[PDB]
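So this one's two forms of a single chain, laid out as structure tokens and tagged structure 1 and structure 2.
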Structure 1
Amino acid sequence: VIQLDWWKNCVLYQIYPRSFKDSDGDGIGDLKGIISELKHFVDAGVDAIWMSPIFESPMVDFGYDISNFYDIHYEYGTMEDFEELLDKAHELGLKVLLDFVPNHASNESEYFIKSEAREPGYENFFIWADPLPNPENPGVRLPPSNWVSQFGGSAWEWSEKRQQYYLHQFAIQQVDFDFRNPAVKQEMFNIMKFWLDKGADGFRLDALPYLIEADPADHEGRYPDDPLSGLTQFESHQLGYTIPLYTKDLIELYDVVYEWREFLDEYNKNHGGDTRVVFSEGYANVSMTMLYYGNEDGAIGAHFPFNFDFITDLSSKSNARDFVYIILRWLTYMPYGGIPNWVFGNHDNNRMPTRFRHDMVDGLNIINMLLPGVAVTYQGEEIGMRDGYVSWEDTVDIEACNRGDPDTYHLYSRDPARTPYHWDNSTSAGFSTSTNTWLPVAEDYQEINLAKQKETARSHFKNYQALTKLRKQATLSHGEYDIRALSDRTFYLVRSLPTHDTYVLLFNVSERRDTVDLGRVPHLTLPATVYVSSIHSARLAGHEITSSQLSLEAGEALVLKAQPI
């Protein structure tokens, strides 16, 4: 079995730096805090970390509004702290990826200040458009089109200084670059070269579906209105009012991604050492998601686009057949030679055990680790962290502040998945020496924390460790997969490889006991040994499964070790 390049079967962990570890008692996570817990990634069996943005930012969208793409946000630390983090992560054998959003810059960026001021070379750096006349009151200017921001209201903001509207698909303070401007595309290569020269192992790149919008040149000099959804529940200022035909998934965006990959291939060729990678973010239908890998004209894109299917298409409402059918979607659509990946959460979505159930944490981590390719873990999933309670008063997410009110903010807020990491049962769950955490610590940190799980016989974290260890086995790096539902309640996933041990997941995803015939599972010879069990299972690691009839309790997952095929 030929050793794979590191990025083909890494365990990749997303750090949300503001909530990982506070080293200096300001209630804000920082780079010295990360550096102090780099050993956690080695202990967990993580190969690679990526951080939510740490570049200079006014923090309107907590780092996704970037005012300087070449330096470190002061609350997180200095360039020297970042250099230390790379150095110490590399000494521990970890890979470190930087995340930034190519789509937009902070309105406090020099790019925007100069563009707004029509400074030479900067006039066309962002999307600038004239108003339309208003038939119903001519004093009230109308925006260039009906386009709606992802955070609600118009995607167009008036600039007093420039006397034009600028485009913002996200917050007012996040200004969309013009990706038809060769100088914008050059600046992206400049930013990437700068951080690759510092020794970064690659990039994650956000909000790619929104890169390119309709060219007014193709619409008689107008920005064309997006079609209406025609749904009475959305007013003109509300996300859902429009279908983003002219504002999302434009085929031209992929050409920008293919150019990024061409640049990275040339960089890897010229510098050698370990491959530097680019992973892309886009929430889009599966066929538009697969174009990030490349196209059938032979274009090559991101090393992979993130697979959000366990966020978008599965929940506690899903049965075992739903689990199998959604897992099959990436495996069916992915190009030949493509690397699969599995994402169970992030700082934009409810935490894994909240979207599913508290009794499904171990089964979900097993799916992540046992499916072919790359396991992606969001901060907290290795200990089963739940959504934290955040009051209206304590809400800081711009999405909730702009779309929501004291009665509705919980429908929109991303803050419950951004509460500080549960290190232990000390003040602020050991995230900080201060009680003044930027978001409130979840109420359950005394029951759910890393230190407790390390000192109990059976725990989500000990299961996580056993599963990342299991990924060293040839059966998981190189083995076939077989996946099928045994019932509406239980499915199996088998990894097999001739002459190497067989590994079988059995998972009752339902709220009721289920009894299955193990004779239905391909490649499973009995007796077999329990390798991992859910923390609530009656079966311990080392338990022998001898009967073909197996009763699984609600949420119960087993990994069995069986005879080689």
Structure 2
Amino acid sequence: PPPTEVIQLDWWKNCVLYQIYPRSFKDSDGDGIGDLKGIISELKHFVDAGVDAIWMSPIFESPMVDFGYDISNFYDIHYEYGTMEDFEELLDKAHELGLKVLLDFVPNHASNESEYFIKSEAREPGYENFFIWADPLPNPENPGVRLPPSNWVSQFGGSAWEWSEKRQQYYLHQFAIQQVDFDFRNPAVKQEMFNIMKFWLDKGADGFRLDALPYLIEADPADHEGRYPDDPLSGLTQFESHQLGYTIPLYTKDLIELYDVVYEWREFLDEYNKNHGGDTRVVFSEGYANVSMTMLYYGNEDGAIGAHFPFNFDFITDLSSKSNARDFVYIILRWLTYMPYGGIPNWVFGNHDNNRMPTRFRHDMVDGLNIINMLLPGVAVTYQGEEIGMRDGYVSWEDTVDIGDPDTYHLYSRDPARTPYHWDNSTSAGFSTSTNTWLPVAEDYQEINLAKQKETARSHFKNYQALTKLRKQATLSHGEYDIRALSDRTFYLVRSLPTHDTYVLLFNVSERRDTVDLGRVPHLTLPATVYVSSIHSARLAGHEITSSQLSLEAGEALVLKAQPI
């Protein structure tokens, strides 16, 4: 039978999406700080890797109190990364190479150094109600003691309420004292979010990653007898009143009203896309919430449509070095079971807030984990360095940028996952001409670097390239999936599609060898051909699997190419 024809998917439905951490990608100007001209000089890497889309962690004007998540001007670039001109050059050169470029910002809050906040604190007309401003809770017992409006706890610990001496009122900060929560019931705030997005789309951005969406909306005092209602207490003895966990965020997180804002953002993008043509512009949402609240980002049963997808953090929250093959299967099945019909699945192993993939799992698992990301249906999300198996870097107390004491600092710091990218075995691993990098270069850069992996016959990077290339096959863009564990140690993932080749992942996620009966794997006729193997596998690409009995070493993964069903 001739292979069936498939309808082309819109780019966002099956893109390889790469998270750039711009501070650590490429320093062009010898200051030891990654920058936009650096990213521009290495756009060819994305084409070479088979990446379709890049997003950058925030690069907007920022006092850098929360390392760029505290945005003071939503319409300009942070000077350390370059200029608006550099950003426009990045869009031009990326688009010339066929890449999509997404911007990351946080709708929930602005820097207290934003003009929005300066003007709002000063009660300037049109800005007075831009943020959540509240009087103290009346204290007729001790009128000399000022009470905050409610017991709400910041994500950073302490009160979510900060006193303004100038305004003689409290403002809400769900995050840092310097990150002020916008009032999303203010039409002027909703308009300003449309204005920010329109500005960047007009420059040519292909879409946005929007952070902290669960925190957008808090209880309306109108619904609680004119006061901000206390969050219910967790009743968990390990948390005091100043500690995150003391409260259940009933009135401060996952309010149904936040989804109406998201659906409004999707309506705005759909209208923008209709009125401009070219490549669909998208929003990918970030929110840590239960499965029900996560899936409401896609849309609802009443037919509302939201984010092109909410990010899937299940591999970060629910898989670990302790996970066995049955855990891998059951967690993979959660998104695929709960996602609404027609939703696009996405998969994430890493970001700048977590241990790097081989450090969080094991060094021998890098290839199998990259295969899972690339072979599951939908969108593969790669964190900078995963394509070469970068490990966490050693960072000393004295070299720490993410500052609590010299003995315990390593339990808190996210710096080890943010060390400069290993291009090669040149000075500072080719990240910089300078030895004075903003974080130290990991000690293993001479063993683990991109240039070496391109030179050597087998490598993480070559496996990454073979997998992004495989995603062009109809079986991966349009094929069904079947996933089950064969043992506590080994699971299979089968992509199949009538008249098209079958692709099978077999992955021993354990620390011991395992033998499995390939007769148990659906749609796998033998002999089959090894398409990809883990760098430590005895089997090379092109190796024939002929026996139904297969021994997999600890961490060993194979992708088999088998005849069509």
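Please note that residue numbering is based on structure 1, beginning with 1 at the start of its sequence. C-alpha atoms forming the largest set that superposes within 1.5 Å between two forms make up the rigid core.
Asker: Only one of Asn134, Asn190, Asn181, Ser315 shifts by 2 Å or more at CA between structures 1 and 2 when the core is aligned; which is it?
Answerer: The listed residue whose C-alpha shifts by at least 2 Å is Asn134.
Asker: For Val390, does the CA position differ by 2 Å or more between structures 1 and 2 when the superposition is done on the rigid core?
Answerer: The answer is yes; the displacement is at least 2 Å.
Asker: Can we say the CA of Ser413 moves by at least 2 Å between structures 1 and 2 when the core is superposed?
Answerer: Yes; that C-alpha moves by at least 2 Å between structures 1 and 2.
Asker: Quick one: how many Å does the C-alpha of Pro440 shift between structures 1 and 2 once the rigid core is superposed?
Answerer: Superposing on the rigid core gives a C-alpha shift of 2.2 Å for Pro440.
Asker: To one decimal place, what C-alpha displacement in Å is found for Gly479 between structures 1 and 2 with the rigid core superposed?
Answerer: Comparing the two forms, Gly479 shifts 0.5 Å at C-alpha.
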